[PDB]
Each structure stands twice: as C-alpha cells, then as structure tokens.
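Here we start with a single chain on its own, the form deposited in one PDB entry, put down as structure tokens.
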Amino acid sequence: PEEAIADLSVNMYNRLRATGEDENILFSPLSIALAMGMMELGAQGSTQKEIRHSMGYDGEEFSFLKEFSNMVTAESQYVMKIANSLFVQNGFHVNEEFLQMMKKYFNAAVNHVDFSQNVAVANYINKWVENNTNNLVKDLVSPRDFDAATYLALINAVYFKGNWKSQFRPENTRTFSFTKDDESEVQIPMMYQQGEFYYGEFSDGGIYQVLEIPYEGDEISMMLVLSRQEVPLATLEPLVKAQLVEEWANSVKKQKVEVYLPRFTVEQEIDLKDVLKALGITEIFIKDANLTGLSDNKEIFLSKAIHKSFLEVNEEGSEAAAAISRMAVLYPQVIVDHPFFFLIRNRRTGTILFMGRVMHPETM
C-alpha cells in the first residue's frame, strides 16, 4: 500500500540530496502524493499512464488519497495544514466533472487567474496559500514565476507541528552549540528529557543511532537518524533506501533513553518539477501534455509546480509516567546537536508525512 509512499519519499530525497548540497531538506511525500492525484485526475492515456506508474501502479488509489487529506488532517494534537490547488488561466475551461472529482476525493480547489498579470497572480497565490495554512506558510511564489505563458500552475504547501507524547519540560531547555557539517557552530535551545522511546543503533555499509519519538496519539511519530560526532551526515545519507527505513521501524526497541533535542523549525521550498521529472513525471510538463481530463482546451500543460513544507518542533506535549544490576542502571544518550536525517511517519499505516534533514537548525 503506502509501501509505495515509502519509495516515493526515498527517491525524492536522494534526488534532492544530489541537487541540494548542504542546505536543509523538508518535504511532505503525503502532500505531494495528493498533488499528483489532482494531475492524474486531469490526465488521460499517455500522460496518465506516466503518473500512475511513477507513483503507485495499481484503481483504486484515490482511496488512499482520500484517507490522507482527511484521516490525517481533520485533532487536539498534531496540526496538519495542506493547501493543494491548481491555478488555471482564464480562457481555459476546466471540465464540469473534473471539478467534482477534485473535491470529492482530494477536497482541493481550482482557481482562475490571468497569468499575464504576473504580479497580481503572484500576490493572489501567496494570499490564497496563507488563507489555507492559517497564515503559517507565506511567500510561496513571486511575480517572475508567471507570465502570459503559463497556462496553469500547481501549488502545494504544508505546515506541521505535533504534540510530543512525553513532553519536554521547558525548565530543562538549555543553550547548546550546534556544530554544522562545515564545522561552523550556532547556538540553539536544547530540549531535554529522560523517557521511553523506540531506540536503536545500526552500522554502515561505524554505527549511527535511530531515535523514534512518538507524538500524542500513537498514530504519528518523528524518527531521527543521527551519526557520530565527527561524521558528516552525508556519510549516512546514501544509505537511505526504502528497505533501511522499514528495517529501522522493524528494529528499534522501546526503552528508556536520555534525549537532547533542539527546539527548531525547518522550512524548505523546492520547485516541484525537477523532482517529478526525476521520478519519470515529464509529460504533464510539455506542450503536448494530455490533460483532456480537466479541460477541453487543446493546449493546456503544467507550467509551475511549487512545494513548500514547514515543520515546527518544541517542548509542547503531554505528561508521561515512567534493569541490569539492581544496584545500577544504564541509559543510552541521544544528544541531537549536529545535523540529522529525520522522517515523520504514521506508525500504523506506514505513510510518510515528511522526510528531511536539518542542516541549519537556526531560527531568525
């Protein structure tokens, strides 16, 4: 099932590593899976067979895609904000039924603009996004993204901030230096607690740690992957493959671990196209794309695709309660004070919500 969402994230990750040396990396393979759903709803024949293949082959699917945008978005703890939308030029008429489907399954939204007024559309689209991220995701696009061209444009942004299951007490939050992989250090707030998590060490092709902090509700969790003090994260990254991810979750063991987690925020905005292309998604991007599913107009293809994810982490959470020798106990430490790989996952369904890497945890 989401087995597939597994692969998709991993691929997108590896591509972005290659075309992204040394910057922070965040994206919701969930969100992006919905975006492509829309496209698939609009595509037919040659183009549709291409989005079906590159994503999840067997339909089916939307059901699935209806689950996510809802069963992981519609409670008191862990906030998901998703703005999925397609923006199409004024002369082009989107088929009466495509608009029904788009709302029936994805609950997204189609808009009409005049890309020739490239500033006004750019101001309109930033606003719209804010209007659907409770004003948390700003500055998605600029006037130069648009011109009389463009015809239509995919916009896809996500905010997420969850509630820790065992909450860090802010009285243990202290200022730590965070050494970046270029050995420059910035100071951060370092949350800390001793509690029970899923933990575990693994080795390379040296041993790195994997620490899976659950959110309130047990449905979701964030999984960190942190290497040894001298070792650049780029060392471990190549290892990220579907199999290893699922291995980590087959393998980590619940147990009482000392955690040092910085209070931080990660936000990354990619252009959705290179990455899609890299995954074999190319036809929706060319003149003779086949989107006769969304409109009768000859003529229409995809021109802009922008993702932006935003993830916030801090102390907030619930209250939790809490032997080798009976005369002594040994606790592992996880001091997350240098760059890490992490992903956010549905521990039950195994859907990935975010994959990324903190390279510069700074704020301001």
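The numbering used is simple: start at 1 and walk along the sequence shown. The term rigid core refers to the most C-alpha atoms you can superpose between the two forms while keeping them within 1.5 Å.
ask   = How many residues that are in the deposited sequence but not in the model lie between residue 58 and residue 59: none, 1 to 3, 4 to 9, or 10 or more?
value = Missing in between: 4 to 9 residues.
task = Can you count, per the entry, how many deposited residues between residue 74 and residue 75 come without coordinates? Answer none, 1 to 3, 4 to 9, or 10 or more.
result = Unmodelled stretch: 1 to 3 residues, a short break.
Residue range whose averaged C-alpha B-factor is higher in the record, 296-304 or 61-69 = Higher mean C-alpha B-factor: 61-69.
request  = Select between 90-98 and 162-170 the stretch whose C-alpha atoms have the higher average B-factor in the entry.
outcome  = Taking the mean C-alpha B-factor of 90-98 and of 162-170, the larger value falls to 90-98.
request  = Please work out which residue in 257, 120, 188, 286 has the highest C-alpha B-factor recorded for this crystal structure.
outcome  = Highest CA B-factor of the listed options: 286.
key: Out of 264, 208, 176, 106, residue topping the C-alpha B-factor column of the entry   = That would be 106.
ask   = C-alpha B factor of residue 10, ranked within the chain: lowest, middle or highest third?
value = Highest third.
request  = Quick one: classify residue 128 as lowest, middle or highest third of the chain based on its Cα B-factor.
outcome  = Its C-alpha B-factor belongs to the middle third of this chain's values.
query = Is the Cα B-factor recorded for residue 339 in the lowest, middle or highest third of its chain?
reply = Ranked within chain, residue 339 CA B lands in the lowest tercile.
query = If you rank the chain by CA B-factor, which third does residue 193 end up in: lowest, middle or highest?
reply = Bottom third by C-alpha B-factor.
message = Looking at the temperature factor on the CA atom of residue 199, which third of the chain's modelled residues does it land in?
response = CA B-factor rank for residue 199: lowest third.
Although not depicted, the form solved in complex with a partner chain is the subject of the following passage.
request  = Counting only non-hydrogen atoms, choose the one of 87-95, 116-124, 223-231, 290-298 that falls within 4.5 Å of its partner chain in the deposited complex.
outcome  = Of the options given, it is 223-231.
ask   = So which of 80, 101, 110, 275 reaches within 4.5 angstroms of its partner chain in the deposited complex, heavy atom to heavy atom?
value = Looking at 80, 101, 110, 275 one by one, just 80 meets the 4.5 Å heavy-atom criterion.
message = Within 4.5 Å, heavy atoms only, which of 105, 128, 151, 199 is in contact with its partner chain in the deposited complex?
response = It is 199.
inquiry  = For a quick test of understanding: in the deposited complex, does each of 4, 49 and 156 have a heavy atom within 4.5 Å of its partner chain?
reply    = So, no: the whole triplet misses its partner chain.
query = Would residue 209 sit within 4.5 Å of its partner chain in the deposited complex, counting heavy atoms only?
reply = Because a heavy atom of residue 209 falls inside 4.5 Å of its partner chain in the deposited complex, the answer is yes.
message = Can you work out whether residue 219 and its partner chain are in contact in the deposited complex, taking contact to mean some heavy atom pair no more than 4.5 Å apart?
response = Yes, residue 219 lies within 4.5 Å of its partner chain in the deposited complex.
Distance check, residue 39 to its partner chain in the deposited complex, heavy atom within 4.5 Å = Answer no; every heavy atom of residue 39 is more than 4.5 Å from its partner chain in the deposited complex.
ask   = Can residue 139 be called a contact residue for its partner chain in the deposited complex at 4.5 Å between heavy atoms?
value = Taking the distances in the deposited complex, the answer for residue 139 is no, it never comes within 4.5 Å of its partner chain.
request  = Identify which of 199, 192, 98, 264 has its C-alpha displaced by 2 Å or more between the shown form and the other one once the rigid core is superposed.
outcome  = So the residue whose C-alpha moves 2 Å or more is 98.
ask   = Does residue 166 show a Cα shift reaching 2 Å between the shown form and the other one after rigid-core superposition?
value = Moves: no, less than 2 Å.
query = After a core superposition, would you say residue 238 shifts its C-alpha by at least 2 Å between the shown form and the other one?
reply = After core superposition, the displacement of the residue 238 C-alpha between the shown form and the other one stays below 2 Å, so no.
request  = Could you check whether the CA atom of residue 150 moves 2 Å or more between the shown form and the other one, using the rigid core for the fit?
outcome  = True for residue 150: a C-alpha shift of 2 Å or more.
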